[PDB]
Amino acid sequence: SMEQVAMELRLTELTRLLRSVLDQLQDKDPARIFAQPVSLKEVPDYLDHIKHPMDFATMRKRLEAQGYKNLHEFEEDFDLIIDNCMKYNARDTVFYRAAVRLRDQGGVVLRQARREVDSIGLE
């Protein structure tokens with residue numbers, strides 16, 4: 001149907017915006033601490049601690065499959081990256097501190113992304 005096509009165009013448009021958001025968020029992680037999934041070879045007990053692992057590569061895979069239907073879903077996954085890190089790692093670690101900085105700098109980006117999604121009407 002034409003309605004289905006129109007919905008699909010909206011999703012494609014949302015995916016384009018979220019790709020730009022994802023790139024901007026990842027730029028705030030210059031150390032690439034959050035670029036890849038935590039390796040279960042290097043951290044064999046990780047899943048005992050963290051029940052829903054997340055990272056930027058995994059987000060990008062979901063994104064390019066158009067698997068984010070709205071901004072909330074995307075934000076959920078970004079928050080997992082930060083929140084998982086801040087639980088597994090202690091305050092005095094480079095990992096925890098990187099997550100704090102990513103959260104703080106990312107907030108700016110996500111604030112305007114919400115306005116753009118609303119204004120253009122992408123969800």
# chains A, B, ... in the order shown; residues from 1 in each chain; ligands from 1

$ residues_around --residues "residue 81 in chain A" --least-positions-apart "4" --cutoff "12 Å" --atoms "only C-alpha atoms" --output "PDB file with C-alpha atoms, in the first residue's frame"
ATOM      1  CA  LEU A  25      27.813  10.553  20.198  1.00  0.00           C
ATOM      2  CA  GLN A  26      30.686   8.268  19.265  1.00  0.00           C
ATOM      3  CA  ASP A  29      34.320   8.644  22.986  1.00  0.00           C
ATOM      4  CA  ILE A  33      36.177   2.558  25.138  1.00  0.00           C
ATOM      5  CA  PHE A  34      32.563   1.923  24.049  1.00  0.00           C
ATOM      6  CA  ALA A  35      33.200   1.049  20.412  1.00  0.00           C
ATOM      7  CA  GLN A  36      32.890  -2.736  20.758  1.00  0.00           C
ATOM      8  CA  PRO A  37      31.155  -5.306  22.977  1.00  0.00           C
ATOM      9  CA  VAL A  38      32.955  -6.206  26.185  1.00  0.00           C
ATOM     10  CA  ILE A  50      25.492  -7.065  33.270  1.00  0.00           C
ATOM     11  CA  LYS A  51      22.283  -8.546  31.933  1.00  0.00           C
ATOM     12  CA  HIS A  52      21.974  -6.450  28.763  1.00  0.00           C
ATOM     13  CA  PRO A  53      25.390  -5.556  27.284  1.00  0.00           C
ATOM     14  CA  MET A  54      25.528  -2.750  24.742  1.00  0.00           C
ATOM     15  CA  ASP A  55      28.122  -0.891  22.674  1.00  0.00           C
ATOM     16  CA  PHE A  56      28.342   1.401  19.641  1.00  0.00           C
ATOM     17  CA  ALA A  57      29.030  -1.380  17.095  1.00  0.00           C
ATOM     18  CA  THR A  58      25.959  -3.285  18.227  1.00  0.00           C
ATOM     19  CA  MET A  59      23.871  -0.095  18.010  1.00  0.00           C
ATOM     20  CA  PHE A  74      17.821   4.491  20.453  1.00  0.00           C
ATOM     21  CA  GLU A  75      18.243   6.400  23.705  1.00  0.00           C
ATOM     22  CA  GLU A  76      17.543   3.239  25.721  1.00  0.00           C
ATOM     23  CA  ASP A  77      20.505   1.525  24.062  1.00  0.00           C
ATOM     24  CA  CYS A  85      29.848   0.768  32.540  1.00  0.00           C
ATOM     25  CA  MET A  86      29.078   2.773  35.682  1.00  0.00           C
ATOM     26  CA  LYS A  87      27.956  -0.377  37.501  1.00  0.00           C
ATOM     27  CA  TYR A  88      30.741  -2.775  36.462  1.00  0.00           C
ATOM     28  CA  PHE A  95      36.175   3.427  32.234  1.00  0.00           C
ATOM     29  CA  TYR A  96      33.695   4.937  34.690  1.00  0.00           C
ATOM     30  CA  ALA A  98      34.749   7.969  30.282  1.00  0.00           C
ATOM     31  CA  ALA A  99      31.104   7.002  30.728  1.00  0.00           C
ATOM     32  CA  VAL A 100      30.388  10.117  32.801  1.00  0.00           C
ATOM     33  CA  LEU A 102      30.062  10.568  27.341  1.00  0.00           C
ATOM     34  CA  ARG A 103      26.772  10.970  29.240  1.00  0.00           C
ATOM     35  CA  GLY A 106      25.895  13.286  24.774  1.00  0.00           C
TER      36      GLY A 106
END

$ select_by_dssp --residues "range 3-119 of chain A" --states "alpha helix (DSSP H)" --output "count of residues only"
82

$ atom_distance --atom1 "CA of residue 23 in chain A" --atom2 "CA of residue 10 in chain A"
20.1 Å

$ atom_distance --atom1 "CA of residue 28 in chain A" --atom2 "CA of residue 101 in chain A"
7.8 Å

$ closest_residue --among "A:122, A:47, A:90, A:63" --to "residue 19 in chain A" --atoms "only C-alpha atoms"
A:63

$ atom_distance --atom1 "CA of residue 108 in chain A" --atom2 "CA of residue 94 in chain A"
22.1 Å

$ closest_residue --among "A:72, A:91, A:32, A:49" --to "residue 114 in chain A" --atoms "only C-alpha atoms"
A:72

$ closest_residue --among "A:46, A:20, A:27, A:40" --to "residue 84 in chain A" --atoms "only C-alpha atoms"
A:46

$ closest_residue --among "A:3, A:43, A:48, A:24" --to "residue 105 in chain A" --atoms "only C-alpha atoms"
A:24

$ closest_residue --among "A:44, A:70, A:21, A:61" --to "residue 111 in chain A" --atoms "only C-alpha atoms"
A:21

$ closest_residue --among "A:64, A:1, A:109, A:30" --to "residue 14 in chain A" --atoms "only C-alpha atoms"
A:64
